[PDB]
Q: 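The structure's right below; bear with me while I get my questions together.
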Amino acid sequence: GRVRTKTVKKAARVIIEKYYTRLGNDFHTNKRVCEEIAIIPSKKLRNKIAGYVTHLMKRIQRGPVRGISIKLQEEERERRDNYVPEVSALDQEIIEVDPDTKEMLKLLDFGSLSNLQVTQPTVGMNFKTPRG
Amino acid sequence: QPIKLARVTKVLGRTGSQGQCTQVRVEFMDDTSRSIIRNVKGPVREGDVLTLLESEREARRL
Amino acid sequence: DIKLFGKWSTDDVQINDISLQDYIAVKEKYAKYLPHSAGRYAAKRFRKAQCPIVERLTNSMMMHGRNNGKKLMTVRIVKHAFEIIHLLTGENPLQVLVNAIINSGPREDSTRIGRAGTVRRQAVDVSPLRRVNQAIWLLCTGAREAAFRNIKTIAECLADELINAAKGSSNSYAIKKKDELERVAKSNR
Amino acid sequence: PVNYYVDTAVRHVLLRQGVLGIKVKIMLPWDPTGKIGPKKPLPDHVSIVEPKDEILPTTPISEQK
Amino acid sequence: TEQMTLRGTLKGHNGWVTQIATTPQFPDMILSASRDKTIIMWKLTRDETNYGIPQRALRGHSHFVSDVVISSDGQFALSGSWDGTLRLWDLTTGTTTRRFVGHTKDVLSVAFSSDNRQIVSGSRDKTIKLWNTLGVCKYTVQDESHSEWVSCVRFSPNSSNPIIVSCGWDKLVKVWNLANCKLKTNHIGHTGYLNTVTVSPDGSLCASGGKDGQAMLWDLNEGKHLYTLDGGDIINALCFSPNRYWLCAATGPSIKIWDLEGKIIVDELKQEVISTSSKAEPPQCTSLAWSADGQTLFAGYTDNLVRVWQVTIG
Amino acid sequence: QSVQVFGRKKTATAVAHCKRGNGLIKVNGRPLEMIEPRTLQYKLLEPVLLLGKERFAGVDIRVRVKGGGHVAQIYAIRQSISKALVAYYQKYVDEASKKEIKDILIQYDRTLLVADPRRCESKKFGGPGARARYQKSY
RNA sequence: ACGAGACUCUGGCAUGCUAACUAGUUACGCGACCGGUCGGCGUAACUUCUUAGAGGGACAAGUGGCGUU
């Protein structure tokens, strides 16, 4: 019986989406900053909004939230995804290639590449799942 | 008609016509290798013990 | 002091159930002297469970509406017949009490099953709390009927009823109706 | 809020064929500083002041007075 | 460079510890503010059984006590509450001899003058108020003051004229002098709100901090930037060492102890509880302080227990 | 000398004034263990039998009780006594003694330091009782 | 968007605050008991129980687990 109405959720989302810098993790400070930067006509409504704001702060620390979107998160995530390995996972010494794709490459005049190892095709022709 | 004890491990659910039985999994102490499903009447808990008068009888599951 | 009523020993309580003791246990610091602390135990599930047995059983005395909420009479009526029981028996107004209830509570019941089952029932295990609560009511009903239109008065039916329950005799209404219900269930297995 | 945000007025029109009942419900708007409507908002209305755009500082740059 | 090792913990309270007040003139009195609405005394025994049971508890605040400071004498304490009031506690009978009402909202941090005659207080009412020991209103800095909350403000306890440094959530600090209380120096560069500031008892360094995680050092006689002491997030407590050269800042759960000379770490105080079932972050310390001898550290946490660390002698 | 900490139970209340004296306790200007029902005497006597008479041999406590209902008048005497000792010890003597007494009583009974939140609910119309309604006609 | 929720009234907390000689602590023959209970008195401290005002306080907020975490 403690589900939050869309008023509280939406107000918390807007406050978090605009004023991320000011708020923290302690409910007794989120309530004060919220009542400072917002017109909340009731103490109980302010308490509910600040509690959900504290819950949202506990939610974001473990990862980006679906309903929360600010530019700071976008830049932080682009910093996070600024990861490049030492060796490319693509190009290695030996890559297996089937005889048919080997013929396709020799048609393209790239069939003389030495990185290619001509593997043998499947022994049989069992690739359809049984019907029924 | 021997009487033995088994520890509740997972309260599976509540069943009954109007609802009076708690279907629950109990692991025996003296074996710990066999577990059974019993519908206990009355308010039951998790991890407590239950007194069964028949070990060869099981109630309906699911 | 720490003893019940300043006379009943608190240290000679026995486990006597191995692992059912968690629902019948008076051995902790919360075990107070006078069983009267108002009705705050029937406010949440199993907040009654931590209550000592003496308290709930003296609470269960007030029935029939004429004597509803007369917990002073209940505590007096328990103190009397406790100062009697052990006296006539000899053990410990407590140990006898736990033994009597354990002997008066049913262990297997019959419940209907299915969405539309209307012919047969099935045997089911009984949980500690359910049997104890029922047994206390049975004991109280036996005391009431031994004090209803009978030569015996209140605060005295409980003593001999508890003595019979500890003895395992068929004299007490509690175990005799327990056996009747058990026979019904056995025919209904 | 219906106590102060809604004004109710019931009246009767007398006509040759009968009597017409007229009920009117009006909702006053959020009108502070003039009291034509209520000075207080709807209790479910939460307003957030827009963030102020300021130059983010890089180094301490102060001037003596 | 000495390991900082817990000696004997203390428990037995029902709220966070928000401020620890220590005096250098008595080696036994040390105050504790706790948001159970109280202020607590300690009598340190330095023994293995327990670090002692508190002697006196003082209750006078309708809301949490935010910051408490002691005077040159240990028989008078000054405590501001979250309700916008200040109380002058006299220890001779365990009651408050005076209660001052000058603010209207939570006074965050309170300070005291060098001679213990001025009372400078800052609250989330976007104002700073300077009174005397009699409670008569002397100065109210509202015009061209902080445009946000004033989280902390302290004096300059040096032989020169006392000078007040107030930090706010406007990401700017402001420095004033008691002679006329006119705007002279505003310090910028912070990109976040400033929580607490502390000046060494020489009028030469002034360290701030907060969610930004970087501590700014300011020279009282110059007022220009010196260097950056980076650290963890949420710098709640900053305090120098009176008997040593250690500035301790509780940057998040951990405590960073820097030196004013090389501005490098002395010992990273790593804390960890080992458990197979653990999905909660460790409790965060709120206040740091030194003893009168400056050799044992008190850390008031959010865990309703103060952690006390001795020097390892090595 | 005086803490006047009071104590509540239903609409009834009890005020236990504590002072430095012989250690003897008086309730309603009367000695302790002669209350007329003699049924809940140990219920209000619990503090002595729990914390010991020595803890009760250095404080003079006069308790006055006012409020409708005789069972409501009792159940606040002992809470007022415990709160009076706690307040007196915290105000005057030290913390540790009050800490031990409060810890022991709380480990025994939580109700001895906090008041009862229960109170008589109003009665809504359409029925004879508070929740109950009148008998329907079918 | 209406309804729900929020909201108005009511109670569970205020030794923090404004306070009364109609209700009242703490206060010495007067009214008395081998150093203590006694609605008959008056100003002193100025509010704790008493009344009602500003506030504050509770938010599933803090931990453990379940949950498409």
Side-chain angles (χ1 to χ4, degrees), chain A residues 1-9 11-12 25-31 34 40-55 58-59 62-63, chain B residues 10-11 46, chain D residues 1-5 27 40-46, chain E residues 15-16 37 58-65 81-87 94-96 99-101 104-106 275 277-281 283 302-304, chain F residues 1-8 11-17 19 21-22 24 26-31 60 62-67 76 80 83-84 87 90-91 114-122:
Chain A
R2 323 279 286 218
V3 184
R4 266 69 82 89
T5 38
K6 81 203 138 295
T7 303
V8 169
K9 309 248 207 185
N25 242 24
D26 172 36
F27 161 74
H28 301 278
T29 36
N30 303 49
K31 60 186 210 189
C34 285
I40 303 205
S42 179
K43 147 155 41 157
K44 155 139 145 211
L45 188 52
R46 142 187 95 73
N47 298 2
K48 255 155 188 233
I49 293 190
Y52 191 65
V53 159
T54 278
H55 196 73
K58 278 199 253 204
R59 280 275 319 295
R62 200 137 20 211
Chain B
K10 200 168 191 165
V11 174
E46 179 40 85
Chain D
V2 73
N3 292 356
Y4 42 77
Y5 256 107
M27 167 114 75
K40 40 214 289 215
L42 292 150
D44 55 351
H45 180 203
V46 186
Chain E
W16 294 4
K37 275 172 282 122
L58 280 302
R59 46 76 183 270
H61 290 311
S62 46
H63 219 185
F64 324 138
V65 58
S81 181
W82 274 77
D83 78 329
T85 216
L86 274 152
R87 304 182 54 125
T95 207
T96 329
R99 180 219 63 259
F100 290 136
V101 289
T104 174
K105 296 200 240 183
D106 43 353
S275 303
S277 193
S278 38
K279 302 186 93 279
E281 287 205 282
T302 62
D303 210 274
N304 304 13
Chain F
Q1 317 208 322
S2 298
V3 314
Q4 285 157 276
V5 84
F6 70 76
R8 327 203 66 116
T11 188
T13 172
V15 202
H17 156 220
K19 80 165 262 274
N22 324 130
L24 45 55
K26 317 272 146 287
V27 164
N28 271 79
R30 206 190 70 57
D60 283 1
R62 278 42 182 173
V63 202
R64 37 150 189 170
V65 158
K66 166 62 157 327
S80 56
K83 281 190 56 164
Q90 191 164 182
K91 186 62 90 222
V114 315
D116 169 55
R118 266 214 296 244
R119 200 63 31 96
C120 284
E121 195 166 312
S122 147

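Proteins get letters first, then strands, A, B, ... in listed order; numbering begins at 1 in each. Atoms considered below: every heavy atom in the structure, side chains included; atoms not considered: hydrogens, waters and symmetry mates.
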Q: Checking one value: the base orientation of G:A61, syn if chi is within 90 degrees of 0, otherwise anti.
A: anti
Q: Identify the two heavy atoms, one from A:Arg4 and one from A:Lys9, that lie closest to each other, and give their separation to 0.1 Å.
A: O-CE, 3.2 Å
Q: In terms of side-chain heavy atoms of A:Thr5, which of G:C17, G:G36, G:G5 is nearest?
A: G:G5
Q: When the P atoms of G:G36 and G:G53 are considered, how many whole Å apart are they?
A: 43 Å
Q: Does A:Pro41 or F:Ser2 map to a spot on RNA chain G nearer the 5' end, using the closest nucleotide for each?
A: A:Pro41
Q: Does the pair G:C17, G:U18 qualify as stacked when the test is that the six-membered ring centres sit under 5.5 Å apart and the ring planes lie under 30° from each other?
A: yes
Q: With the 90 degree cut-off around zero defining syn, does G:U50 come out syn or anti?
A: syn
Q: Could you tell me whether A:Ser42 contacts a base, only the sugar-phosphate backbone, or nothing, with contacts defined as non-hydrogen atoms closer than 4.0 Å?
A: sugar-phosphate
Q: With rounding to whole Å, what would you report as the distance between G:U50 and G:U22 at their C1' atoms?
A: 12 Å
Q: Expressed in whole Å, how much space separates the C1' atoms belonging to G:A14 and G:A60?
A: 25 Å
Q: Taking protein heavy atoms under 4.0 Å as touching, what does nucleotides 41-66 of chain G look like 5' to 3' if B marks base contact, S marks sugar-phosphate-only contact and - marks none?
A: -------BBS-----BBSBBSSSSS-
Q: Please tell me if F:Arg119 has a side-chain N or O lying less than 4.0 Å from either OP1 or OP2 of G:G12.
A: yes
Q: Looking at residues at least two apart in the chain, or sitting in another chain, which of them share a salt bridge (charged side-chain N to carboxylate O under 4.0 Å, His left out) with E:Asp303?
A: none
Q: Using a 4.0 Å heavy-atom cut-off across all strands, classify D:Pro43 as base, sugar-phosphate, or nothing.
A: base
Q: Please tell me whether A:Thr7 and D:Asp44 have a donor and an acceptor in their side chains that are separated by less than 3.5 angstrom.
A: no
Q: Who pairs with A:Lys31 by side-chain hydrogen bond (donor to acceptor under 3.5 Å, both in side chains), at least two apart in sequence or on another chain?
A: A:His28
